[PDB]
Each structure stands twice: as structure tokens, then as C-alpha cells.
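Given next, in C-alpha cells, is a single chain: the form deposited in one PDB entry.
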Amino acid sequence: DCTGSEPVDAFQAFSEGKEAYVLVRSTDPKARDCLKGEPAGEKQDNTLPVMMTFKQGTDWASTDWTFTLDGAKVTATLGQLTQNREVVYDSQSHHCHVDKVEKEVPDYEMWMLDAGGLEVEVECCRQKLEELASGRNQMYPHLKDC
């Protein structure tokens, strides 16, 4: 069945902001190499401090974001930058989840704890992403010598 955590809750999907999640799949041809998200503090009200990292060529890169959580919704802000996402799927143990990136032509992403194990859950996330983004070429951001 591949039934995951329901109802879907962004905070729960992020392991209550106690873990780092890496981007493993994306329909975005602009997806950044090694894009990783990690907690950078405790949960301020419905907001969560997050440090996003990635690699540009051989150089590591960094940015700080404020996540605003509302159920399954995630509003990420940095300066004048605002990114809206909706966690559409969340694995049983909150090991991996699938996001819809809100925009003119929406993109879909698969994030997961940076660890092995719970491979059936990983497969389920992959399956849910295929459903949401069927027919879309996928990129593998974490498979870039990260």
C-alpha cells in the first residue's frame, strides 16, 4: 500500500526539526548539488531556523532560512526570497517525504534523512513521487560527490 504518516504534518515529517534532510530527487533541472537542510536552532513558534547547504563545482556553499510551518505547508524565507512547498507525502517513520514546490510550473522533490535503512519507506517515497510527477525527468542532487 505504501501508506505513510497521516495526516501529513510538516513538523513531524522533519523529525520535529532534530535531523538534517538531503535532497535525493527533483524534477528541477536547476536542483543544486548536495542540497542539504539542517536545523540551526529550536522551534520558534511555528517557525524553524534552517541552514541550507550545497556544492558549487568543488566549493561548498551555505545559506540560512526561516521555515514557517502550517500543517503540511512550508514557507521558506531568506531575504526577499520566498519559497513555498507542500509536503504531499511522509514516510511511516518520517524517514523520507515528498514535496510539491509551489510555482508557475511546479516541481517535485524527495528529501530524506542522510542515512541508510528503512529502504521500503525510501521506495515508497520514490513511488509517491513518480505518481505526483509522472512523465517528469528526475535529477539526483545527492549523487554528486557529496
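Only residues modelled in both forms are compared. What we label the rigid core is the largest C-alpha set whose atoms superpose within 1.5 Å from one form to the other. Note that residue numbering begins at 1 and tracks the sequence as displayed.
Omitted here: the form solved in complex with a partner chain. The next part is about that form.
Inset, instruction - With heavy atoms only and a cut-off of 4.5 Å, decide whether residue 87 touches its partner chain in the deposited complex. - result: Residue-level check for residue 87: no, no contact with its partner chain.
Inset, instruction - Please check if residue 6 has a heavy atom lying within 4.5 Å of any heavy atom of its partner chain in the deposited complex. - result: Close contact is absent here: in the deposited complex, residue 6 is far from its partner chain, nothing within 4.5 Å, heavy atoms only.
Legend entry - Proximity of residue 25 to its partner chain in the deposited complex, heavy atoms at 4.5 Å: Yes, contact at 4.5 Å.
Inset, instruction - Report yes if any heavy atom of residue 112 sits within 4.5 Å of a heavy atom of its partner chain in the deposited complex; otherwise report no. - result: Residue 112: contacts its partner chain in the deposited complex.
Inset, instruction - Please pick, from 52, 118, 101, 78, the one residue with any non-hydrogen atom lying within 4.5 angstroms of its partner chain in the deposited complex. - result: It is 118 that has a heavy atom within 4.5 Å of the partner.
Legend entry - Candidate stretches 79 to 87, 101 to 109, 66 to 74, 35 to 43, one within 4.5 Å of its partner chain in the deposited complex by heavy atom: It is 35 to 43 that comes within 4.5 Å of the partner.
Inset, instruction - Quick one: lay the two forms over each other on the core and tell me which of 29, 117, 57, 79 moves its CA by at least 2 angstroms between the shown form and the other one. - result: Single hit from the list, 117.
Inset, instruction - For a shift of 2 angstroms or more at every C-alpha, which runs of three or more consecutive residues qualify between the shown form and the other one, with the core superposed? - result: Run moving 2 Å or more: only 115 to 117.
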